[PDB]
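Right, one structure below, let's go through it.
Residue numbers (mature numbering (1 follows the signal peptide of the UniProt record, and there is no 0)): 16 to 312.
In structure tokens form, the structure reads like this:
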């Protein structure tokens, strides 16, 4: 007997690819080996949304034993295409809001797996390393996004619980970033950039202003660190995938996906931009369990 596994992935991308690596290793380690007692059917949508649906529909017609969906849109397409083939997700921030599961603890649907949620607290802990004497935390965010409000509320709860002040700048368009960061200068000791496409995608502009005014920037994710943020405590995607693969072992052995809690991970890595660190005139922390990257052009 050979278990048929469909893997649906949105696009080639280091984080998404890493989840797949980990998922396959975890299966291998538990005796599920491609070309022997499982058959892995990998499909990349190459960033095209209708292709996520075609992949999902193929997997349903193929009658896979399990679908592994990497990214929110890949998982949504899978769930729209089949309600009776188990789906394990990964790299999905908010499975409840994506419509995949009733609750994290008890999905009550044919979907479980992992979320790549990281708390604001993980990032803000890096204040102790890169902004030791800080009193005021800055945050710029997109006022049109609900998920940005939720993060800003969490930052303000952290600040209240830890004795910091907060200065915020809510914006709606990309053309407000320059002036927004320029006016936070002299009012903050550290900037937190949340998971917010508007602000995070502007990191080259934010990084220049912040860095030339000696303000370290902490980002929620690692992509912005490569673009000029100083640091993040980012999710280890290969380990998140590995965990999803352990969950796959249980589903392949017949356990109920509707009762399997959606897991999050505590495996993060501190990632630091080495060029920004030098530009701020700072030495490396002496803890060896920190990764370094340079700025991407």
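Even for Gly, the Cβ is constructed at its ideal location relative to N, Cα and C.
- In this structure, the CA atom of residue 225 is about 19 angstroms from the CA atom of residue 157.
- Residue state for residue 266 is assigned as helix, using DSSP reduced to three classes.
- Counting along the chain, residue 212 sits inside the alpha helix (DSSP H) bounded by residues 212-215.
- For the 8 angstroms CB-CB criterion, residue 218 and residue 231 do not form a contact.
- By the Cβ test, the stretch 129-144 is in contact with the stretch 198-212, since at least three Cβ pairs between them sit closer than 8 angstroms.
- Under the three-state reduction of DSSP output, residue 145 falls in the helix class.
- When secondary structure is reduced to three states using DSSP, residue 82 falls in the strand class.
- DSSP places residue 278 within a strand segment (E or B) once states are collapsed to three.
- The Cβ atoms of residue 80 and residue 18 lie closer than 8 angstroms to each other.
- Distance from the CA of residue 236 to the CA of residue 136, rounded to the nearest whole angstrom, comes to 13 angstroms.
- The DSSP assignment places 192-199, 212-215, 218-227 as complete runs of the alpha helix (DSSP H) inside the stretch 174-235, in order along the chain (cut-off: 4 residues).
- For the pair residue 94 and residue 104, the Cα-to-Cα distance works out to about 10 angstroms.
- Rounded to whole angstroms, the separation of the alpha carbons of residue 278 and residue 150 is 34 angstroms.
- The Cβ atoms of residue 255 and residue 129 sit closer than 8 angstroms to each other.
- Residue 259 and residue 125 have their C-alpha atoms roughly 15 angstroms apart.
- CA-to-CA, the gap between residue 170 and residue 183 works out to about 10 angstroms.
- In this structure residue 85 does not touch residue 100 by the C-beta definition: roughly 16 angstroms separates them, more than the 8 angstroms allowed.
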